[PDB]
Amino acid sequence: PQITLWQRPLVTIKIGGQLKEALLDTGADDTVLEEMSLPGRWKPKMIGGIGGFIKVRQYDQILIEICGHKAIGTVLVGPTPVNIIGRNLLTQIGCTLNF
């Protein structure tokens, strides 16, 4: 599709059998979601910027569906104020910026 930026570009994702709303964020290196369970190994990470840093758990090789697009990648999990889809997954669905 073609997504306008007049409004926040929010999309439905499916992960861990869960449906969630998330922000497509070209400025985010990696996907980070609010607290949830994910299977497999993880390692701690600090991510931050405006207003500071937050501690997250990094899970790798996680399956996700974005707008019906299937993709695999890293998912960070922690106290983000909003669910964000980062470049690491945006590239796999072939998402680009255009003007």
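In this text, residue numbers run from 1 along the sequence as written.
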Legend entry - Of 31 to 39 and 64 to 72, the one with larger mean CA B-factor: 64 to 72
Legend entry - Residue stretch of maximal mean CA temperature factor, 47 to 55 vs 22 to 30: 47 to 55
Inset, instruction - Sort 82, 77, 11, 89 by C-alpha B-factor from the entry and give me just the highest. - result: 11
Inset, instruction - Classify residue 7 as lowest, middle or highest third according to the C-alpha B-factor given in the PDB entry, relative to its own chain. - result: lowest
